[PDB]
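Data first, discussion second: the structure below is written as structure tokens.
Where a number appears in this text, it was derived from the coordinates with a stated rule and is not lab data. Heads up, the Cβs are rebuilt from the backbone with ideal geometry, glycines too, and the neighbour counts pull from every protein chain shown.
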Amino acid sequence: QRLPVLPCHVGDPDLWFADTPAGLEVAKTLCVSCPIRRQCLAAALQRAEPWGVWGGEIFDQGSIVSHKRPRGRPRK
DNA sequence: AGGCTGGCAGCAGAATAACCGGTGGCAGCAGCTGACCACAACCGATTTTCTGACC
Ligand code: SF4
């Protein structure tokens, strides 16, 4: 079916929870071409997923952050 | 004098209406819990790593 075209499970699944701001960036933008962004993002927002890339967007424990804040002192 | 030998005959089996007492089960439910999620916050370093000034 359309399973190998689905960009979620094409490669290694441990990529999409890597705890670097730059590592998961290609994981987030790899769901640009995903055919099911609407329903996946809708399910992720309704069930309140606390981790990882969902619907081509990252998640905190309840909501969506724009980009994950890096380790260290943030920029003034 | 009967007996035990002989067929002869006959048969089983197989195939193709109430009471009373008591006693234990049981289900329903307030009412101690008491362990348990469970959010939800709040801190305890921890490490990085800028940020800010020092001379
Ligand atoms: S997170 Fe995005 S890319 Fe991955 S399966 Fe869901 S919609 Fe597709």
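So between A:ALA22 and A:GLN61, what do we pick up on full extension, going 0.36 nm a residue minus the alpha carbon distance?
Contour length minus the Cα-Cα distance gives 12.1 nm.
For labels at A:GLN46 and A:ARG71 in the simple 7 Å Cα→Cβ model, what's the distance in nm?
Output for this residue pair reads 3.8 nm.
All other residues with a Cβ under 13 Å from the Cβ of A:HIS67 taken together, and with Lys, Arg as +1 and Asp, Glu as -1, what is their net charge?
The answer is +1.
Working from Cα positions, state the angle (0 to 90°, nearest 10) between the long axis of helix A:37-47 and the longest principal axis of chain A.
The answer is roughly 60 degrees.
Give the Rg (one decimal place) followed by the Dmax (whole number) of chain A, computed from C-alpha coordinates and expressed in Å.
Cα-based Rg and Dmax for chain A come out at 13.1, 50 Å.
How big is segment A:7-51 in terms of Cα radius of gyration and Dmax, in angstroms?
For segment A:7-51, the Cα-based Rg and Dmax read 11.0, 27 Å.
In chain A, what chymotrypsin sites (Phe, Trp or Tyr not before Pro) fall in a loop by DSSP, with at most 16 other Cβ atoms inside 10 Å?
Numbers: sites: A:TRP16, A:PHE17, A:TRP51, A:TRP54, A:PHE59; in loops: A:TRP51, A:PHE59.
Filter output for chain A: A:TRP51.
List the relative contact order of chain A as a percent without decimals, with contacts defined as Cα pairs under 8 Å and 6+ residues apart.
Details: 78 pairs, mean separation 18.7, N = 76.
The value is 25 percent.
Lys and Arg at +1, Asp and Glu at -1: add these up for the other residues within a Cβ distance under 14 Å of A:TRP16 and post the number.
-4
Could you tally the net charge around A:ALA44, taking each other residue with its Cβ under 13 Å from the Cβ of A:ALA44, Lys/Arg +1 and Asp/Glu -1?
Net local charge, A:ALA44 excluded: +1.
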